[PDB]
$ cat structure20.txt   # compact mmCIF, N, CA and C atoms
# COMPACT_ATOMS: atom_id res chain seq x y z
N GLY A 1 0.61 -37.81 67.39
CA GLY A 1 0.45 -37.74 65.91
C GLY A 1 1.42 -38.68 65.27
N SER A 2 1.75 -38.44 63.98
CA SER A 2 2.69 -39.29 63.29
C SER A 2 4.01 -39.18 63.99
N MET A 3 4.41 -37.94 64.33
CA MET A 3 5.65 -37.73 65.03
C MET A 3 5.34 -36.78 66.14
N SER A 4 5.56 -37.21 67.39
CA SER A 4 5.28 -36.35 68.52
C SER A 4 6.32 -36.63 69.56
N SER A 5 6.66 -35.61 70.36
CA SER A 5 7.64 -35.79 71.40
C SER A 5 6.95 -36.45 72.56
N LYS A 6 7.61 -37.45 73.17
CA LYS A 6 7.02 -38.13 74.29
C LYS A 6 7.41 -37.38 75.53
N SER A 7 6.56 -36.41 75.94
CA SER A 7 6.86 -35.63 77.11
C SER A 7 5.63 -35.62 77.97
N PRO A 8 5.37 -36.71 78.66
CA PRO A 8 4.20 -36.81 79.52
C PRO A 8 4.34 -35.99 80.77
N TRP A 9 5.21 -36.44 81.70
CA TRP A 9 5.40 -35.72 82.93
C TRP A 9 6.66 -34.91 82.80
N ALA A 10 7.40 -35.09 81.68
CA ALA A 10 8.63 -34.37 81.46
C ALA A 10 8.37 -32.89 81.40
N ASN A 11 7.26 -32.49 80.75
CA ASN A 11 6.95 -31.08 80.63
C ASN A 11 5.75 -30.80 81.51
N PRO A 12 5.97 -30.08 82.60
CA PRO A 12 4.90 -29.74 83.54
C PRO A 12 3.77 -28.96 82.93
N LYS A 13 4.06 -28.16 81.89
CA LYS A 13 3.03 -27.36 81.27
C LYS A 13 2.00 -28.25 80.65
N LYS A 14 2.43 -29.33 79.97
CA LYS A 14 1.49 -30.23 79.36
C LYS A 14 0.96 -31.15 80.42
N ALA A 15 1.77 -31.41 81.46
CA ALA A 15 1.35 -32.29 82.53
C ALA A 15 0.16 -31.68 83.22
N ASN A 16 0.18 -30.35 83.44
CA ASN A 16 -0.91 -29.70 84.12
C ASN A 16 -2.17 -29.85 83.32
N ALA A 17 -2.09 -29.66 81.98
CA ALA A 17 -3.26 -29.78 81.15
C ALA A 17 -3.76 -31.20 81.17
N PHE A 18 -2.83 -32.17 81.09
CA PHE A 18 -3.20 -33.56 81.08
C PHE A 18 -3.87 -33.92 82.38
N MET A 19 -3.25 -33.54 83.51
CA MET A 19 -3.81 -33.87 84.81
C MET A 19 -5.14 -33.21 84.98
N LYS A 20 -5.26 -31.91 84.65
CA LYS A 20 -6.52 -31.22 84.84
C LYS A 20 -7.58 -31.87 84.00
N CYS A 21 -7.20 -32.34 82.80
CA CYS A 21 -8.16 -32.97 81.92
C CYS A 21 -8.77 -34.17 82.62
N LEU A 22 -7.92 -35.04 83.20
CA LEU A 22 -8.42 -36.22 83.87
C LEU A 22 -9.14 -35.83 85.14
N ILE A 23 -8.59 -34.83 85.87
CA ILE A 23 -9.17 -34.40 87.12
C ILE A 23 -10.56 -33.85 86.89
N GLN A 24 -10.73 -32.99 85.87
CA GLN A 24 -12.02 -32.39 85.61
C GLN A 24 -13.02 -33.45 85.24
N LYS A 25 -12.61 -34.47 84.46
CA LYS A 25 -13.54 -35.50 84.06
C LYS A 25 -14.06 -36.17 85.31
N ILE A 26 -13.16 -36.46 86.26
CA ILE A 26 -13.55 -37.09 87.50
C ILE A 26 -14.42 -36.13 88.28
N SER A 27 -14.06 -34.82 88.27
CA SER A 27 -14.80 -33.82 89.01
C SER A 27 -16.21 -33.72 88.52
N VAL A 28 -16.49 -34.20 87.29
CA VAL A 28 -17.85 -34.16 86.78
C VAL A 28 -18.70 -34.96 87.72
N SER A 29 -18.13 -36.08 88.23
CA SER A 29 -18.83 -36.94 89.16
C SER A 29 -20.18 -37.35 88.61
N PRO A 30 -20.19 -38.02 87.47
CA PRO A 30 -21.44 -38.47 86.88
C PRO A 30 -21.94 -39.74 87.49
N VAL A 31 -21.02 -40.51 88.12
CA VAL A 31 -21.39 -41.76 88.73
C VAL A 31 -20.77 -41.79 90.10
N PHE A 32 -19.52 -41.29 90.21
CA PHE A 32 -18.82 -41.29 91.47
C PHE A 32 -19.33 -40.13 92.29
N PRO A 33 -19.24 -40.26 93.60
CA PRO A 33 -19.70 -39.23 94.51
C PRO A 33 -18.79 -38.03 94.55
N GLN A 34 -19.36 -36.86 94.91
CA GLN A 34 -18.59 -35.63 94.98
C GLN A 34 -17.68 -35.68 96.17
N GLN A 35 -17.86 -36.67 97.07
CA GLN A 35 -17.03 -36.78 98.24
C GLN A 35 -15.62 -37.06 97.81
N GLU A 36 -15.45 -37.88 96.74
CA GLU A 36 -14.13 -38.22 96.26
C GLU A 36 -13.48 -37.00 95.67
N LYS A 37 -14.28 -36.02 95.20
CA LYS A 37 -13.73 -34.83 94.60
C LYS A 37 -12.89 -34.08 95.61
N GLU A 38 -13.37 -33.99 96.88
CA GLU A 38 -12.63 -33.27 97.89
C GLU A 38 -11.31 -33.96 98.14
N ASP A 39 -11.32 -35.31 98.19
CA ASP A 39 -10.10 -36.05 98.43
C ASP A 39 -9.20 -35.88 97.24
N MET A 40 -9.79 -35.91 96.03
CA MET A 40 -9.04 -35.76 94.80
C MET A 40 -8.38 -34.41 94.77
N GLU A 41 -9.08 -33.36 95.23
CA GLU A 41 -8.54 -32.03 95.22
C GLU A 41 -7.30 -32.01 96.08
N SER A 42 -7.35 -32.70 97.24
CA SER A 42 -6.20 -32.74 98.13
C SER A 42 -5.07 -33.45 97.43
N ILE A 43 -5.39 -34.53 96.68
CA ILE A 43 -4.38 -35.29 95.97
C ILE A 43 -3.73 -34.41 94.94
N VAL A 44 -4.53 -33.61 94.20
CA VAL A 44 -3.99 -32.75 93.16
C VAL A 44 -3.03 -31.77 93.78
N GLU A 45 -3.41 -31.15 94.91
CA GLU A 45 -2.55 -30.18 95.55
C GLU A 45 -1.29 -30.85 96.00
N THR A 46 -1.40 -32.10 96.51
CA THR A 46 -0.24 -32.82 96.98
C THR A 46 0.66 -33.15 95.83
N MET A 47 0.09 -33.58 94.68
CA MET A 47 0.91 -33.92 93.54
C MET A 47 1.65 -32.70 93.07
N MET A 48 0.96 -31.54 93.05
CA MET A 48 1.60 -30.32 92.61
C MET A 48 2.67 -29.96 93.61
N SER A 49 2.39 -30.19 94.91
CA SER A 49 3.36 -29.88 95.94
C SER A 49 4.57 -30.76 95.75
N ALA A 50 4.34 -32.04 95.38
CA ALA A 50 5.43 -32.96 95.17
C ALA A 50 6.28 -32.48 94.02
N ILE A 51 5.64 -31.97 92.94
CA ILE A 51 6.39 -31.48 91.80
C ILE A 51 7.25 -30.33 92.25
N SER A 52 6.66 -29.42 93.06
CA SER A 52 7.39 -28.27 93.55
C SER A 52 8.54 -28.74 94.40
N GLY A 53 8.31 -29.79 95.21
CA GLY A 53 9.36 -30.32 96.06
C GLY A 53 10.47 -30.86 95.21
N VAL A 54 10.12 -31.56 94.10
CA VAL A 54 11.13 -32.13 93.23
C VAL A 54 11.95 -31.02 92.64
N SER A 55 11.29 -29.97 92.12
CA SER A 55 12.02 -28.87 91.54
C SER A 55 11.12 -27.67 91.54
N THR A 56 11.72 -26.46 91.50
CA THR A 56 10.93 -25.25 91.51
C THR A 56 10.24 -25.11 90.18
N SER A 57 10.93 -25.51 89.08
CA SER A 57 10.33 -25.40 87.78
C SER A 57 11.29 -26.01 86.79
N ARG A 58 12.59 -25.67 86.92
CA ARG A 58 13.57 -26.20 86.01
C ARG A 58 14.25 -27.35 86.69
N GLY A 59 14.22 -28.53 86.05
CA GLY A 59 14.85 -29.69 86.62
C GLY A 59 14.07 -30.89 86.18
N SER A 60 14.74 -32.05 86.11
CA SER A 60 14.06 -33.26 85.71
C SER A 60 14.88 -34.41 86.21
N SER A 61 14.25 -35.59 86.34
CA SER A 61 14.98 -36.74 86.81
C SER A 61 14.18 -37.95 86.41
N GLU A 62 14.88 -39.06 86.11
CA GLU A 62 14.21 -40.28 85.72
C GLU A 62 13.42 -40.78 86.90
N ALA A 63 13.97 -40.61 88.12
CA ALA A 63 13.30 -41.06 89.32
C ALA A 63 12.00 -40.33 89.46
N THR A 64 12.01 -39.03 89.15
CA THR A 64 10.82 -38.22 89.28
C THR A 64 9.79 -38.68 88.29
N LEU A 65 10.21 -38.96 87.05
CA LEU A 65 9.28 -39.36 86.02
C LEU A 65 8.60 -40.65 86.40
N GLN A 66 9.37 -41.63 86.91
CA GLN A 66 8.79 -42.90 87.26
C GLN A 66 8.01 -42.80 88.55
N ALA A 67 8.60 -42.15 89.57
CA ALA A 67 7.94 -42.06 90.86
C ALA A 67 6.65 -41.30 90.74
N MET A 68 6.64 -40.17 90.01
CA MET A 68 5.42 -39.39 89.91
C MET A 68 4.42 -40.13 89.07
N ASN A 69 4.86 -40.78 87.97
CA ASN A 69 3.92 -41.49 87.12
C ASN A 69 3.27 -42.59 87.93
N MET A 70 4.09 -43.33 88.72
CA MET A 70 3.56 -44.39 89.54
C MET A 70 2.69 -43.79 90.61
N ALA A 71 3.10 -42.63 91.16
CA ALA A 71 2.36 -42.00 92.23
C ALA A 71 0.97 -41.62 91.78
N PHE A 72 0.80 -41.11 90.54
CA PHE A 72 -0.52 -40.70 90.09
C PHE A 72 -1.39 -41.92 90.03
N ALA A 73 -0.85 -43.01 89.46
CA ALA A 73 -1.62 -44.22 89.34
C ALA A 73 -1.92 -44.77 90.71
N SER A 74 -0.94 -44.68 91.63
CA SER A 74 -1.12 -45.21 92.97
C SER A 74 -2.22 -44.46 93.69
N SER A 75 -2.29 -43.12 93.55
CA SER A 75 -3.31 -42.37 94.25
C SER A 75 -4.67 -42.74 93.72
N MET A 76 -4.79 -42.91 92.38
CA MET A 76 -6.06 -43.26 91.80
C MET A 76 -6.38 -44.68 92.20
N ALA A 77 -5.34 -45.54 92.26
CA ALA A 77 -5.52 -46.92 92.63
C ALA A 77 -6.06 -47.01 94.03
N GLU A 78 -5.59 -46.12 94.94
CA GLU A 78 -6.07 -46.16 96.31
C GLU A 78 -7.55 -45.91 96.32
N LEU A 79 -8.01 -44.92 95.52
CA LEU A 79 -9.42 -44.62 95.46
C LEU A 79 -10.15 -45.80 94.87
N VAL A 80 -9.52 -46.44 93.86
CA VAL A 80 -10.10 -47.59 93.20
C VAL A 80 -10.25 -48.72 94.18
N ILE A 81 -9.25 -48.93 95.06
CA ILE A 81 -9.32 -50.03 96.01
C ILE A 81 -10.53 -49.88 96.89
N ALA A 82 -10.76 -48.67 97.42
CA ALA A 82 -11.88 -48.46 98.30
C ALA A 82 -13.16 -48.76 97.57
N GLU A 83 -13.28 -48.29 96.32
CA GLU A 83 -14.49 -48.52 95.57
C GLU A 83 -14.61 -49.98 95.20
N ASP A 84 -13.48 -50.63 94.84
CA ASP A 84 -13.51 -52.01 94.42
C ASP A 84 -13.99 -52.92 95.52
N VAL A 85 -13.44 -52.78 96.74
CA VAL A 85 -13.83 -53.66 97.82
C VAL A 85 -15.27 -53.41 98.18
N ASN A 86 -15.66 -52.13 98.27
CA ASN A 86 -17.01 -51.80 98.66
C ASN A 86 -18.00 -52.17 97.58
N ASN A 87 -17.67 -51.95 96.29
CA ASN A 87 -18.61 -52.28 95.24
C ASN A 87 -17.84 -52.37 93.94
N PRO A 88 -17.56 -53.58 93.49
CA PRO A 88 -16.82 -53.79 92.26
C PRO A 88 -17.59 -53.40 91.02
N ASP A 89 -18.93 -53.29 91.13
CA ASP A 89 -19.74 -52.92 89.99
C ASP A 89 -19.39 -51.51 89.61
N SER A 90 -19.16 -50.66 90.63
CA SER A 90 -18.83 -49.27 90.40
C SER A 90 -17.53 -49.19 89.65
N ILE A 91 -16.59 -50.10 89.95
CA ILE A 91 -15.30 -50.10 89.30
C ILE A 91 -15.46 -50.34 87.82
N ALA A 92 -16.35 -51.27 87.42
CA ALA A 92 -16.51 -51.55 86.01
C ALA A 92 -16.97 -50.30 85.30
N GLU A 93 -17.94 -49.58 85.89
CA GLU A 93 -18.44 -48.37 85.27
C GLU A 93 -17.39 -47.29 85.33
N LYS A 94 -16.67 -47.20 86.47
CA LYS A 94 -15.67 -46.18 86.67
C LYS A 94 -14.53 -46.36 85.69
N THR A 95 -14.08 -47.61 85.47
CA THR A 95 -12.97 -47.85 84.57
C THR A 95 -13.38 -47.53 83.16
N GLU A 96 -14.66 -47.76 82.80
CA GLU A 96 -15.10 -47.45 81.46
C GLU A 96 -15.03 -45.96 81.26
N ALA A 97 -15.44 -45.18 82.29
CA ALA A 97 -15.41 -43.74 82.19
C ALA A 97 -13.98 -43.28 82.11
N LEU A 98 -13.08 -43.90 82.91
CA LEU A 98 -11.69 -43.51 82.91
C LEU A 98 -11.07 -43.83 81.59
N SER A 99 -11.46 -44.97 80.98
CA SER A 99 -10.89 -45.36 79.71
C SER A 99 -11.22 -44.31 78.70
N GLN A 100 -12.47 -43.81 78.72
CA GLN A 100 -12.89 -42.80 77.80
C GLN A 100 -12.14 -41.53 78.09
N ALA A 101 -11.97 -41.20 79.40
CA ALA A 101 -11.29 -39.99 79.78
C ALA A 101 -9.86 -40.02 79.32
N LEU A 102 -9.18 -41.17 79.48
CA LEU A 102 -7.79 -41.27 79.09
C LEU A 102 -7.66 -41.09 77.61
N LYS A 103 -8.56 -41.71 76.81
CA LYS A 103 -8.46 -41.61 75.37
C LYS A 103 -8.66 -40.18 74.94
N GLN A 104 -9.66 -39.49 75.51
CA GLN A 104 -9.93 -38.13 75.11
C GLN A 104 -8.83 -37.21 75.59
N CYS A 105 -8.35 -37.42 76.83
CA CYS A 105 -7.33 -36.54 77.37
C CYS A 105 -6.03 -36.70 76.63
N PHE A 106 -5.64 -37.95 76.28
CA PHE A 106 -4.38 -38.14 75.58
C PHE A 106 -4.46 -37.56 74.19
N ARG A 107 -5.62 -37.71 73.51
CA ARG A 107 -5.75 -37.19 72.17
C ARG A 107 -5.80 -35.68 72.20
N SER A 108 -6.26 -35.10 73.33
CA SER A 108 -6.37 -33.66 73.41
C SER A 108 -5.07 -33.04 73.84
N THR A 109 -4.07 -33.87 74.26
CA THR A 109 -2.82 -33.31 74.71
C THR A 109 -1.73 -33.69 73.75
N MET A 110 -1.15 -34.89 73.93
CA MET A 110 -0.07 -35.33 73.08
C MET A 110 -0.60 -35.64 71.71
N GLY A 111 -1.88 -36.07 71.62
CA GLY A 111 -2.45 -36.39 70.34
C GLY A 111 -1.86 -37.69 69.88
N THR A 112 -1.46 -38.54 70.86
CA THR A 112 -0.87 -39.81 70.54
C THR A 112 -1.73 -40.84 71.21
N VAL A 113 -2.09 -41.91 70.46
CA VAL A 113 -2.96 -42.93 71.00
C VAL A 113 -2.14 -44.02 71.65
N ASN A 114 -0.95 -43.69 72.20
CA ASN A 114 -0.15 -44.71 72.84
C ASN A 114 -0.89 -45.18 74.06
N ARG A 115 -0.97 -46.51 74.24
CA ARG A 115 -1.68 -47.07 75.36
C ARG A 115 -0.68 -47.64 76.33
N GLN A 116 0.61 -47.29 76.16
CA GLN A 116 1.63 -47.82 77.04
C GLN A 116 1.39 -47.33 78.45
N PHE A 117 1.05 -46.03 78.60
CA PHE A 117 0.82 -45.47 79.92
C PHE A 117 -0.46 -46.04 80.46
N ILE A 118 -1.48 -46.14 79.59
CA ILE A 118 -2.77 -46.64 80.00
C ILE A 118 -2.62 -48.06 80.49
N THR A 119 -1.88 -48.89 79.73
CA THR A 119 -1.70 -50.28 80.10
C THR A 119 -0.97 -50.37 81.41
N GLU A 120 0.11 -49.57 81.58
CA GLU A 120 0.88 -49.62 82.79
C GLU A 120 0.02 -49.20 83.96
N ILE A 121 -0.75 -48.11 83.80
CA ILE A 121 -1.59 -47.62 84.88
C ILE A 121 -2.64 -48.64 85.22
N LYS A 122 -3.31 -49.21 84.19
CA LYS A 122 -4.35 -50.19 84.43
C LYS A 122 -3.76 -51.41 85.08
N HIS A 123 -2.56 -51.83 84.63
CA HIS A 123 -1.93 -53.01 85.19
C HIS A 123 -1.65 -52.79 86.65
N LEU A 124 -1.03 -51.64 86.99
CA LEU A 124 -0.70 -51.37 88.38
C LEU A 124 -1.95 -51.23 89.19
N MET A 125 -2.97 -50.55 88.64
CA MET A 125 -4.21 -50.35 89.36
C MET A 125 -4.85 -51.68 89.64
N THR A 126 -4.93 -52.55 88.62
CA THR A 126 -5.55 -53.84 88.79
C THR A 126 -4.75 -54.68 89.75
N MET A 127 -3.41 -54.66 89.61
CA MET A 127 -2.56 -55.46 90.46
C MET A 127 -2.66 -55.02 91.90
N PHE A 128 -2.65 -53.69 92.14
CA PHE A 128 -2.69 -53.20 93.50
C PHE A 128 -4.04 -53.47 94.10
N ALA A 129 -5.10 -53.21 93.32
CA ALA A 129 -6.44 -53.41 93.81
C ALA A 129 -6.70 -54.87 94.05
N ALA A 130 -6.21 -55.75 93.15
CA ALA A 130 -6.44 -57.17 93.30
C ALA A 130 -5.77 -57.65 94.56
N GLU A 131 -4.52 -57.19 94.81
CA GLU A 131 -3.80 -57.63 95.99
C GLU A 131 -4.50 -57.12 97.22
N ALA A 132 -4.94 -55.84 97.19
CA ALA A 132 -5.61 -55.25 98.32
C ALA A 132 -6.91 -55.97 98.57
N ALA A 133 -7.64 -56.31 97.50
CA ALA A 133 -8.91 -56.98 97.64
C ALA A 133 -8.71 -58.34 98.27
N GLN A 134 -7.63 -59.05 97.87
CA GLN A 134 -7.39 -60.36 98.44
C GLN A 134 -7.12 -60.20 99.91
N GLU A 135 -6.37 -59.15 100.29
CA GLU A 135 -6.06 -58.92 101.68
C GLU A 135 -7.33 -58.56 102.41
N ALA A 136 -8.21 -57.74 101.78
CA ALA A 136 -9.44 -57.34 102.43
C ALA A 136 -10.31 -58.56 102.62
N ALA A 137 -10.37 -59.43 101.60
CA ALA A 137 -11.19 -60.62 101.68
C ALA A 137 -10.65 -61.52 102.76
N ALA A 138 -9.31 -61.63 102.86
CA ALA A 138 -8.71 -62.48 103.87
C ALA A 138 -9.04 -61.92 105.23
N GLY A 139 -8.98 -60.58 105.37
CA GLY A 139 -9.26 -59.95 106.64
C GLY A 139 -10.70 -60.20 107.01
N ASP A 140 -11.61 -60.09 106.03
CA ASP A 140 -13.01 -60.31 106.30
C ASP A 140 -13.35 -61.71 105.88
N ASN A 141 -12.74 -62.71 106.54
CA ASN A 141 -13.00 -64.08 106.20
C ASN A 141 -14.23 -64.53 106.96
N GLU A 142 -14.64 -65.80 106.74
CA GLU A 142 -15.80 -66.31 107.42
C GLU A 142 -15.30 -67.16 108.61
$ encode --input "structure20.txt" --output "structure tokens"
Amino acid sequence: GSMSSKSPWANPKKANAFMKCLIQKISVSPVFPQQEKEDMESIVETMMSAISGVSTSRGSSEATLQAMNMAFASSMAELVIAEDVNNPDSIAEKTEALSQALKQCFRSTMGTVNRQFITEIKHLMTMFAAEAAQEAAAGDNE
């Protein structure tokens, strides 16, 4: 909103709602296969496990905020890499859906249209996928 506290992963309570919001959108599987849902479910449990590992409930750290934020993007990026190499067309549709999901999820949580996280996530996702794709292309050379 006009004035809102920037507590993305800082507050697990809102983090859970934010994550579930994005997770459920993906779980809809309108274009992506339900196979990814099972992997995603494992990722969600792992991310929650990681949070538990970081702290039982009370505790915070800059390392955690950055590592977990990067970790969420990295896990999605890994899924993106597989889809990108196998079929980049899917990525275009998938990113459009994700863009919509991010906008709706952020507005439904923090209610802030900051695209700093979106830009960072997209940048890392594109950078990681691009690098991976180049490696995949190099591996599958002629």
$ select_by_dssp --input "structure20.txt" --residues "chain A" --states "helix (DSSP H, G or I)" --output "JSON, numbers by chain"
{"A": [12, 13, 14, 15, 16, 17, 18, 19, 20, 21, 22, 23, 24, 25, 26, 27, 28, 35, 36, 37, 38, 39, 40, 41, 42, 43, 44, 45, 46, 47, 48, 49, 50, 51, 52, 53, 54, 62, 63, 64, 65, 66, 67, 68, 69, 70, 71, 72, 73, 74, 75, 76, 77, 78, 79, 80, 81, 82, 83, 84, 85, 86, 88, 89, 90, 91, 92, 93, 94, 95, 96, 97, 98, 99, 100, 101, 102, 103, 104, 105, 106, 107, 108, 116, 117, 118, 119, 120, 121, 122, 123, 124, 125, 126, 127, 128, 129, 130, 131, 132, 133, 134, 135, 136, 137, 138, 139]}
$ atom_distance --input "structure20.txt" --atom1 "atom N of residue 47 of chain A" --atom2 "atom N of residue 102 of chain A"
19.4 Å
$ residues_around --input "structure20.txt" --residues "residue 81 of chain A" --least-positions-apart "6" --cutoff "8 Å" --atoms "all atoms listed in the file" --output "ChimeraX atom specification"
/A:75,87,125,128-130,132-133
$ atom_distance --input "structure20.txt" --atom1 "atom N of residue 111 of chain A" --atom2 "atom N of residue 10 of chain A"
13.7 Å
$ closest_residue --input "structure20.txt" --among "A:123, A:135, A:77, A:109" --to "residue 16 of chain A" --atoms "only C-alpha atoms"
A:109
$ atom_distance --input "structure20.txt" --atom1 "atom N of residue 71 of chain A" --atom2 "atom C of residue 121 of chain A"
10.2 Å
$ closest_residue --input "structure20.txt" --among "A:22, A:48, A:3, A:85" --to "residue 105 of chain A" --atoms "only N, CA and C atoms"
A:22
$ closest_residue --input "structure20.txt" --among "A:7, A:52, A:44, A:80" --to "residue 24 of chain A" --atoms "only C-alpha atoms"
A:44
$ decode --input "structure20.txt" --residues "segment 44-56 of chain A" --atoms "N, CA, C and O atoms" --output "compact mmCIF listing (two decimals), in the first residue's frame"
# COMPACT_ATOMS: atom_id res chain seq x y z
N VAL A 44 8.13 -27.82 -1.42
CA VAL A 44 7.47 -27.04 -0.39
C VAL A 44 7.82 -27.61 0.97
O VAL A 44 8.15 -26.86 1.89
N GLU A 45 7.76 -28.95 1.11
CA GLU A 45 8.06 -29.57 2.39
C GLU A 45 9.50 -29.29 2.75
O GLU A 45 9.82 -29.05 3.91
N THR A 46 10.40 -29.33 1.75
CA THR A 46 11.80 -29.10 2.00
C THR A 46 12.02 -27.67 2.42
O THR A 46 12.80 -27.40 3.33
N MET A 47 11.34 -26.71 1.76
CA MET A 47 11.52 -25.31 2.11
C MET A 47 11.05 -25.10 3.52
O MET A 47 11.68 -24.37 4.29
N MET A 48 9.92 -25.72 3.90
CA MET A 48 9.40 -25.56 5.24
C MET A 48 10.36 -26.21 6.20
O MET A 48 10.59 -25.71 7.30
N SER A 49 10.95 -27.36 5.79
CA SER A 49 11.90 -28.04 6.64
C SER A 49 13.10 -27.15 6.84
O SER A 49 13.66 -27.09 7.93
N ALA A 50 13.53 -26.45 5.77
CA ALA A 50 14.67 -25.57 5.85
C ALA A 50 14.38 -24.46 6.82
O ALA A 50 15.25 -24.07 7.60
N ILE A 51 13.14 -23.92 6.80
CA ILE A 51 12.78 -22.84 7.71
C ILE A 51 12.88 -23.36 9.12
O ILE A 51 13.41 -22.69 10.00
N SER A 52 12.36 -24.59 9.34
CA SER A 52 12.39 -25.19 10.66
C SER A 52 13.83 -25.37 11.08
O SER A 52 14.17 -25.19 12.25
N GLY A 53 14.70 -25.78 10.13
CA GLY A 53 16.09 -25.99 10.44
C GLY A 53 16.72 -24.68 10.84
O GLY A 53 17.54 -24.63 11.75
N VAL A 54 16.36 -23.58 10.13
CA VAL A 54 16.93 -22.28 10.44
C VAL A 54 16.52 -21.89 11.83
O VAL A 54 17.35 -21.45 12.63
N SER A 55 15.22 -22.03 12.15
CA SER A 55 14.76 -21.67 13.47
C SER A 55 13.48 -22.40 13.73
O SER A 55 12.77 -22.77 12.80
N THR A 56 13.14 -22.59 15.02
CA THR A 56 11.92 -23.30 15.36
C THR A 56 10.74 -22.42 15.04
O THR A 56 9.70 -22.90 14.60
